[PDB]
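Residue strings, one per chain:
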Amino acid sequence: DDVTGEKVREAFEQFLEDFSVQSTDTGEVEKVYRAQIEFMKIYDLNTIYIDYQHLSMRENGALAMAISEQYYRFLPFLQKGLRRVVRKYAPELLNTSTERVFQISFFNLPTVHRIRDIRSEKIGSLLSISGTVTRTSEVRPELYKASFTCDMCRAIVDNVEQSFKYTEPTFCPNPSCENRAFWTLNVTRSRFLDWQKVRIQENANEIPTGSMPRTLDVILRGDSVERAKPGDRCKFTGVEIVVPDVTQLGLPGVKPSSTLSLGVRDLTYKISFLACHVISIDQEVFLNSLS
Amino acid sequence: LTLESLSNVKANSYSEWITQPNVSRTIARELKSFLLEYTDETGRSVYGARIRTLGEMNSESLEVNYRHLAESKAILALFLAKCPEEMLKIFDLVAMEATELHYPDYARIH
Amino acid sequence: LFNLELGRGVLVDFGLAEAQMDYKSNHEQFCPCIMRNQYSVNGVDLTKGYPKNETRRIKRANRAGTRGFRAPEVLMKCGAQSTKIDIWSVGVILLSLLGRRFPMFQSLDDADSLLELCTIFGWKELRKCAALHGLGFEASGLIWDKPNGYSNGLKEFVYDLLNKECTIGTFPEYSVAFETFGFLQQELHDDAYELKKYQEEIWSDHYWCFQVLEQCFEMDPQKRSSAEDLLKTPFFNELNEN
Amino acid sequence: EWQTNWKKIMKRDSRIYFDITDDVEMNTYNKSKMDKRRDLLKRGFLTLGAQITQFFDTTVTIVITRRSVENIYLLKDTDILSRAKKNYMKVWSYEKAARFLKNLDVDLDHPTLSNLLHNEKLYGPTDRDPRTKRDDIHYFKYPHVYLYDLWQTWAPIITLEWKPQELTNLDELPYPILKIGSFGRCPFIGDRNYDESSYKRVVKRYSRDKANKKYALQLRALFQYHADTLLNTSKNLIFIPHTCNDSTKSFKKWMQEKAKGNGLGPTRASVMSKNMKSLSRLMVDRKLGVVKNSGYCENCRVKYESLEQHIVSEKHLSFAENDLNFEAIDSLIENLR
Ligand SMILES: [Mg+2]
Ligand SMILES: [Mg+2]
Ligand SMILES: [Zn+2]
Ligand SMILES: [Zn+2]
Ligand SMILES: [Zn+2]
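Calculation rules
Each residue takes a number counted from 1 along its chain in the order the sequence is written, a numbering that need not match the entry; residues with no coordinates do not appear. Written order determines the labels here, with chains lettered from A and ligands numbered from 1. In this entry, the chains presented are a subset of a larger assembly, and the associated values cover only that subset. With hydrogens and water excluded, all non-hydrogen atoms of the structure serve as input to the side-chain values. Note: metal donors comprise N, O and S atoms at 2.8 Å or less from the metal (3.2 Å for Na, K and Ca); water molecules are not included, so apparent gaps in a site are possible. Numbering of helices and strands runs from the N terminus, with a helix taken as a DSSP run of H or I at least four residues long and a strand as a DSSP run of E at least two residues long. Only two sets of limits are used to name each site, 85 to 135 degrees for every angle of a tetrahedral four-donor site, and over 155 degrees for opposite donors with all other angles from 65 to 115 for a square planar four-donor or octahedral six-donor site, with any other site named irregular. Each residue is assigned to one of three classes by its accessible area relative to the maximum for its type, calculated with a 1.4 Å probe on protein chains only: buried under 20%, partly exposed between the two thresholds, exposed over 50%. Segmentation of the chain into domains, including their bounds, is taken from an automatic or database domain assignment. Put simply, a patch holds well-exposed residues, over 30% relative accessible area, that have no salt bridge, with like charges counted together within 9 Å and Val, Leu, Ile, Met, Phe, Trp or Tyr side chains within 5 Å. Note on areas: these come from Shrake-Rupley sampling with a 1.4 Å probe, and a residue is covered only by the protein chains present in the view. Any carboxyl oxygen of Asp or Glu within 4 Å of a side-chain nitrogen of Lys or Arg constitutes a salt bridge here. When DSSP finds at least two bridges between two strands, those strands are taken to pair. Throughout, a contact is declared for two residues whenever any of their heavy atoms are within 4.5 Å. Think of it this way: a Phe, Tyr or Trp ring, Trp meaning its six-membered ring, pairs with another when their centres are within 6.5 Å, and the plane angle makes it stacked under 30 degrees, edge-to-face over 60, tilted otherwise. Only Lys NZ and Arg CZ are tested; either one counts as a charge over a ring when it is within 6 Å of the ring centre and within 35 degrees of the ring normal.

- In the PDB archive, cryo-EM is given as the structure determination method for this entry, at a resolution of 3.8 Å.

**Notes on the coordination of the magnesium ion (ligand 2)**
Residues and elements named next belong to chain C.
Now for step 1: Distances from the magnesium ion (ligand 2) to its protein donors, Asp-13 (OD) and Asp-13 (OD), fall at 1.9 to 2.2 Å.
Now for step 2: The metal-metal distance between the magnesium ion (ligand 2) and the magnesium ion (ligand 1) is 3.8 Å, with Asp-13 serving as a donor to both.
Now for step 3: Along the chain, the position of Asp-13 falls in the loop between β2 (8–9) and β3 (49–51).

**Some details on the coordination of the zinc ion (ligand 4)**
Residues and elements named next belong to chain C.
Now for step 1: In this structure, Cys-31 (SG), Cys-33 (SG), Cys-78 (SG) and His-133 (ND1) serve as the protein donors to the zinc ion (ligand 4), at separations of 2.1 to 2.3 Å.
Now for step 2: Around the zinc ion (ligand 4) sit four donor atoms, and with donor-metal-donor angles ranging over 60 to 142° the site reads as irregular.
Now for step 3: Given a relative accessible area of 2%, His-133 falls into the buried group.

**Considerations on the domain arrangement of chain A**
Now for step 1: Taken domain by domain, chain A consists of domain 1 (1–91 + 99–111), domain 2 (112–140 + 194–245 + 268–281) and domain 3 (141–193).
Now for step 2: Computed over C-alpha atoms only, the centres of domain 2 of chain A and domain 3 of chain A are separated by 32 Å.

**Quick word on a nonpolar patch on the surface**
Now for step 1: On the surface, A:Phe39, A:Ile42, A:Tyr43 and A:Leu45 cluster together to form a nonpolar patch covering roughly 420 Å² of accessible area.
Now for step 2: Mapped onto the elements, A:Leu45 comes out in the loop between α2 (32–43) and β3 (47–51).

**Thoughts on the pairing of strand β9 (residues 191–201) of chain A**
Residues and elements named next belong to chain A.
Now for step 1: As paired elements, strand β5 (residues 126–136) and β9 share four bridges and run antiparallel to each other. Residue pairing for β9: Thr-132 is matched across the bridge by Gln-201.
Now for step 2: Bridge count for strand β6 (residues 140–149) against β9 is five bridges, and the pairing is antiparallel. Note on β9: the bridge partner recorded for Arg-140 is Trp-195.

**Examining the arrangement of the chains**
Now for step 1: By contact count, the dominant pairing among the three pairs of chains in contact is that of chains C and D.
Now for step 2: For chain A and chain C, which are not in contact, the least C-alpha distance works out to 11 Å.
Now for step 3: As for chain C relative to chain B, no contact occurs, and the smallest C-alpha gap between them is 24 Å.

**A few points about the packing of aromatic side chains**
Now for step 1: Across all of its chains, the model carries 35 aromatic pairs over all chains by this definition.
Now for step 2: Ring centres of D:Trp2 and D:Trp6 lie 6.0 Å apart, and the angle between their planes is 65°; on these two criteria the pair is classed as edge-to-face.
Now for step 3: Judged by its relative accessible area of 61%, D:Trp2 falls in the exposed class.
Now for step 4: It is C:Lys59 that lies over the ring of D:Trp154; its NZ or CZ is 3.7 Å from the centre.
Now for step 5: One residue, D:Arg66, lies across the ring of D:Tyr94, its end atom 5.0 Å from the ring centre.

Structure below.
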């Protein structure tokens, strides 16, 4: 294992408990993260909103910089730390009632990147984008964790994690088997989340001289599905992501390729986005959202 | 585990009881104890004498006596008598471990 | 420039001469090379490796000198070069006389000088000096005729230098090196009255020369005695006539 | 004063053993904790200087077991701890081992997250195989010389390694050997294309020597045991005999046998780009296709193949014509007068 990952995970779960923002005159000081955890237990939701400003304030923002620069690498550590914190205080909401997935969303990033500002050096990092929603697809299931039926000693392995791509369980329900050639998936022991792809488009005011509009594909995973109608300006916060592309086969420039036998595979990709959450920009509900 | 842990037997097959993972580890540790601890009357090591023999004439065999092991641990002797198919394999490994403890790097010789 | 008829000499070139700047505004922290700029992760050790892609800087220390006549201080780019590099060079010149070898240290680079010093003194001693100056050093696989040899002292070195000349017969009959050869023969255990007086005096002179050579030839700068300390030697009794 | 009592002869005591087995209810994680505390306890006496043995013998006093430290309180037949009373051979518990170590008090071992991150800027991430292989560093295989900064803050000064095959000839080792040679040559060079016994060379050297006999005699006469020249002013010579062969005796033997550039260079950077490393592999000889005054002109910061053309170069001529570069020199020039 990695020592640095353990360090960042333990610090994460440490300040999920030790952090406490003041309430100024009215309310003294309260544990904002613990207050949000109590809110989570009360409403039985599935996603926790964490302000980036507080993380920047804490510990001279070194941990904030570390989590912003390498969000993808530390994400499983973040999930584990949050699970342990939930176990410490109010562990009732841990399970679905098999297991309930906890989503972590960061909001109020210091800066906003336009679609034309996407850069390769920001790949895998945390940032925010602002675009206009053009096409929205159906909310479809995706394999959070995948179960399969064995080939030799036909039997079903239960609740195995499914990565970004198809995975094969190395272990077997029968330990003597150690055969994985033919797996038959079963939906019962396979977890799922909500998947929806939204094609955002650059806003008019951000377009340079002469350039025709540029657009990006944004994937909304979790409760944020169907949160934006087509033709609305929304602010997306998430992690910069890459997805394989097979169309750029004749483009100029040497195509990266992997050799392994032969083991050939063209490493061509296109940039996309995975957004943690989306923010847009009777008389009772209307009357409520006023000062 | 303990000496009486082996005495308390619970399994459908005797060889399965011997090869029970925790019980197998217990057997390995107990055999280690028997070989490292048993000593002759005059304070001279029995297994120490045997490993001194093996170190200089470099044989692939050790002449381990059954009687001394029997008065050492009766349960292991009875396991050997009833199911020698498995304990001897473990005893070979623990003998190699002890030889390495005394004479490390014995792979090239044997 | 030394004149024999006058019997006196003077220094002339000061071309690379450097004025000793302010060193600072125990001896282990005297020169571990942490001075001036850069003054005051575990688990990875580059003990037996050179990085494939090198992304680090070299020492930036003065290397002015000559082919040979260069001190271990400057040779290993050891920081805060002291005045005593000069007395080291003086000792090198002295040893050049004792052995009749003018190109005493043919060093085509720093590596040649370092390996020659390793030959003369020993791998362990040079490693000890480098460690004193906060510097790691390692060498293995190389073959030396004297493996950590000549620990007896420089006497054995000049001894076999003169030994091979003796066997060949390079020197003339009147060469004054033969008295030194006899001195080392006697000390290594390996009318007549004026003769015995003369040989006694040369015993004493060679003795003191060889114990001032080792006095100057020591890697430790702080331990290396200053020029006044060199002049205070029992060998230098001719200044006492003042 | 018990430490002095216990620092007296255990540096000379050569028998050390530690008991492994015990009769307790221990879990797998508890087994791992037992293993780590066991290895720490072993290391506690590992450096003490008393040799350790792997067998229980009536000679080895040091034996420690967790339970039944004379605590059975009953007779036993196949227990080393049953014999511990009769053999008097000392036994403690691991907790009692720590109790006695309190007398010794041996240290358990002989964070900066931002620092950790900007150190992982170097070495890459630290999550690698804890082995002798990383492929990020050329590990030494052949005979080599390596000198490195202790703190690794600066690049290694000298780092040279040689394949065994190129070391075949002893005459041209890349590291010179003490091949003394003769005739007062460099100790690290010899008589290449030269033979001290070559009779023509012997004759030439003998003629040169007999030419310089009087001068050497004058030197010895000038300098003989008075430590001074003018003090020497007021016996002609002193010859200490030797069995050594010289030019004259060897010559007599042979006759009997036959009786029947600039010094300055531009400062260069340390780090070489990876593209430079790639280019340096493809290097071949220049013969495929297409005086000594060559040096570096630090005044013009330029390297010249010929000096006579650099002095007449436009930049150098302009530099010479500018007196602003020599003002400090003139300041001390005028102070002379
Ligand atoms: Mg000069
Ligand atoms: Mg000069
Ligand atoms: Zn199977
Ligand atoms: Zn230094
Ligand atoms: Zn010029």
